[PDB]
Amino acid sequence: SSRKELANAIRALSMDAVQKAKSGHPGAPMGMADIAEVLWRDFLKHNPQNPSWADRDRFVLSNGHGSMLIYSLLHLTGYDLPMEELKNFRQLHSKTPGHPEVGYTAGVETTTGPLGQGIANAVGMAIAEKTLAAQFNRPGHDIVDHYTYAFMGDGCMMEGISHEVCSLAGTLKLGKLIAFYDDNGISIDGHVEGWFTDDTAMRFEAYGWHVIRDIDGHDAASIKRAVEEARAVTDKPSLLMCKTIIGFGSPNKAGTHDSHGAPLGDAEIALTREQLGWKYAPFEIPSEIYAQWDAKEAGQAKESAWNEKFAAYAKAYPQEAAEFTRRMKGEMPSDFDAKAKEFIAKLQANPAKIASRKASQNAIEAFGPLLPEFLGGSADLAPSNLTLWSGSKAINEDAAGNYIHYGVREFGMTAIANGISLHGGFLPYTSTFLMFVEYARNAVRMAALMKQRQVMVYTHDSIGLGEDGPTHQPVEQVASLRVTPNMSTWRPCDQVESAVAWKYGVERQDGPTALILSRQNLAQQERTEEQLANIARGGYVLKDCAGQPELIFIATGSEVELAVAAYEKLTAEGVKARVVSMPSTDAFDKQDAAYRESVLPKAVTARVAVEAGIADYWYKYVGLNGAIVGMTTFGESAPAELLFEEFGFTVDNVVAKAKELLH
């Protein structure tokens, strides 16, 4: 069959599946089908039989609304995505959700839909490949060698996050990253010139990208030549400016916003078949077209050749090969648990009053020699977030390193890290001041949604940071993280809880972990063996009374010391008081009901929460008959000590609020 006929199979499947669902986006799949046909059939190195092959090229659909494009590709090339799944596009529990999702659909590399994040993820995957290659490749043994291809549209180009990650991609000279820009001149509001006039090629040249202008996105020869040129440029990421017609094939909707985001309609589909000369019924693909699209045979040949290469590598470099396999699988070193526990025990036995940001650095230092998979960084706050350890090596200086200077790019940093986690081989950590999680907020959510392991190191967690004032002092940010599905959030009260939280973070297999860390010094709490072990349970009894408590303080982070001081005062008066330290609400919630009852007995309603963050969160644990010593306002610019006093984080106020309950 002709290349245009092969590409037209994508057009037919896409418009038909959208029509059947009465929902979806036929424009981009129709506009990009010719580009996809060249990339997938001529260049993409992949095995449909094993979507997890370590050395496969990675493809990313950043314009993820065009989900039928990727489903057509996966089906046609022989992945485990039958026609019935395409016929169930956008239907409950199908393998063909409205935007592509990593994890159930074979071959989908990442979850897109939020514009701009796909390209960010791609930048992360290219960073991972370059770094893994530098770490593992040996003379005569290039076991890591793959491209990262991304499709993206006007929406991704307009988003700020594209500037963050494409800027950094240029700095890092990501020669194996190749992006195709679907330059179709249309967005939802109509012709883009009213709101988007960038000389996008010039913009990308400013980033140090290799840019190929004026590609006819509907001509196989033009596209193929451009990809060849891009692959020949090894020291710069490449952008291919692909001029396309959105909804290509539709006489009445091609080139219009009408084709973007709704079914074409039965009549228009009939006209499209006529224009394309496509003779097949909906969901009919002839054997000749499958024969030219199918990649099972080539895929298995390529992967088997790689397996043989890896076997030879394992002979010459057995320890390295074992590390590669362990790291690609995301498995932890077998003695990590024992070694981390030893560190935790040492801290408990050797008290230090330090900021939890420093306790965090200390955990990185302890874990560093144990976790060569670390690929960490900070958004231009290394000396403040304390993300460097003695073994940190910046990848802009040493390609085989383990540290990234992300610059002032919180959103890009976090979505890049999502790419890194998705790639395999690494354990990313990222960092900024907690307030600026708000800049990265949707990428944090995406890590949770995609069930990705990433440790998010968020320092300067409250009014305790002092003089920088209300634009920097978090109040409501922790609460937002706590109510995020599949997020783990830890606000350690001292260096011991900080190490436990770090351990929990690196050992998570199925989601991210945010560490909520102080600028200011935190007192260490004394713990029994049982209490020490129970830190990992997220909430535990820190100070207690004999028999049923009359009063329970629930405190986190920097406020545990305050709660303990109130407890001592009330205990001396003869109140049966308890202090619960609650470093992680999510880990506590996951405990069995007997454990939860032992910490927060259901019959004890006199509960006082204490946390320098938004009060409203705490009704979850204090109910309607408790008290909350929290924040209800923005902060103020002043020294920390005076702020805590001003906002009622005092022994007198905590005691007074508790006494109010006991009547």
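So that there is no doubt, residue numbering starts at 1 and follows the sequence shown. Here the rigid core means the biggest group of C-alpha atoms that line up within 1.5 Å when the two forms are laid on top of each other.
Asker: Core-aligned, which moves more in 6 other deposited structures of this protein: 169-177 or 588-596, by CA RMS?
Answerer: Stretch with the larger root mean square C-alpha distance in 6 other deposited structures of this protein: 588-596.
Asker: Should the higher mean CA B-factor in the entry be assigned to 84-92 or to 433-441?
Answerer: Higher mean C-alpha B-factor: 84-92.
Asker: Pick between 284-292 and 453-461: the one whose mean CA B-factor in the entry is higher.
Answerer: Comparing 284-292 with 453-461, the higher average CA B-factor belongs to 284-292.
Asker: Among 315, 405, 491, 503, which carries the highest Cα B-factor?
Answerer: Each of 315, 405, 491, 503 was compared by C-alpha B-factor; the highest is 315.
Asker: Please pick out which of 563, 223, 311, 415 has the largest Cα B-factor as recorded in the entry.
Answerer: Max CA B-factor in the entry, restricted to 563, 223, 311, 415: 311.
Asker: Within this chain, which third does the Cα B-factor at residue 149 fall in: lowest, middle or highest?
Answerer: For residue 149, whose C-alpha B-factor we compare with every modelled residue in the chain, the answer is the lowest third.
Asker: By the recorded C-alpha temperature factor, relative to the other modelled residues in its chain, which third is residue 557 in?
Answerer: Lowest third.
Asker: Which third, lowest, middle or highest, does the CA B-factor of residue 588 fall in along this chain?
Answerer: Within its chain, residue 588 is a lowest-third residue by C-alpha B-factor, going by the deposited values.
Asker: Sorting the chain's modelled residues by C-alpha B-factor, tell me whether residue 233 ends up in the lowest, middle or highest third.
Answerer: Answer is highest: the recorded C-alpha B-factor places it there.
Asker: Can you tell me which third, lowest, middle or highest, the CA B-factor of residue 633 falls into for its chain?
Answerer: Ranked within chain, residue 633 CA B lands in the middle tercile.
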